[PDB]
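This document opens with one chain alone, in C-alpha cells, the form deposited in one PDB entry.
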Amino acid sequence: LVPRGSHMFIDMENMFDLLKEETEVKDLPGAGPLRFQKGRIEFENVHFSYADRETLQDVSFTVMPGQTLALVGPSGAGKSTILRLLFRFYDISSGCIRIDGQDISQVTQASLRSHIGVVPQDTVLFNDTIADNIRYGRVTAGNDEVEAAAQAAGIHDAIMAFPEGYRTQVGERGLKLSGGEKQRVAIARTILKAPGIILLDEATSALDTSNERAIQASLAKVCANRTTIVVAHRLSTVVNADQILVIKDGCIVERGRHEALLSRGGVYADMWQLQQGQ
C-alpha cells in the first residue's frame, strides 16, 4: 500500500507522459513566428550530441538565399543530423542556428517548418487519392494548386492516364505508383508547399538512367531558387552545388565548390579520384 516521501506527490499521468520515446522540442514561451525573408541559413559553432562523443563538433556554415549546399562524407559523419537540426528535430547543446538572422530555437516550430520543404530519401504514400497525397504538402490548397504542383513535378501526365485521374486511390490499398511516380509525388508536395528552404536527403537507391535523369531534373527545378541543403549521394548534385561541406566525425574537414575541392587535393579529391577510376 501507502507510497511515501516524494512518491506520494508523484502524478501518474505525468509518469506515463514521460514514458514517451521521442522526447521533443518545445516552443519557448512567447515565441513568435519566424520572420522569413529569403532563407539565409547559418550554423554558428554548432555542437550536438545524441548521447554520452559529440555528434557534431563546432559546425559553422552559411547558406545564402537560394544557394545549394551539399553535405558529403562517410556514413555516420553527421550529414543527416545537420538537416535534423535545421528542422529543430532536436535542440543543440551549444552554438546557434539562425534563419535570416533569427535563432530557430526562439521562434515557433510550426512557423519554422512551414518554411522548410523536406524531401526525404523515400516517399510516404498515404492510403488516399493521388490528389490528397500531393495536398499533404499544403492541406489548404485548391485542386488547381495541386494540379499546378503536379504539372511542375512532371507527374500530371501520368496521373491523367490513371483510371480516376487525380481521384485515383493510391497507397497500399490503391493503384501502385512506379518508383518514378512516387518520388515525383514528394516533389509535387514540396512544390505545393512552396517553402523558401529545402532539406533534401538523396536516396541511396537509383532508378534507370532515364528516370534518374528526369527525377534529378525535377529536383533541380524545385531547389533552383530556394536555399537548399542536400545530403548528397549523386555526383551530379555535388558538381553543381554552390558549396560542399565535407563532414567527417562531426567536423567540417574541408569545403568549397567542386572544382576548388578537387584542386585542393585533399579528402574530397581522394573521393573523386576513387570514383573516377583512372
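For every residue, the number given is its place in the sequence shown, counted from 1. For the two forms, the rigid core is made up of the largest set of C-alpha atoms that agree within 1.5 Å on superposition.
As for the form deposited in another entry, it is not shown, yet the points below apply to it.
- Superposition of the core reveals a Cα shift of less than 2 Å for residue 25 between this form and the one not shown.
- Superposition on the rigid core between this form and the one not shown places the CA atom of residue 263 less than 2 Å from its counterpart.
- Relative to this form, residue 22 and residue 252 approach one another in the other form, with their C-alpha atoms ending up at least 3 Å closer.
- Relative to this form, the distance between the C-alpha atoms of residue 22 and residue 120 is increased by at least 3 angstroms in the other form.
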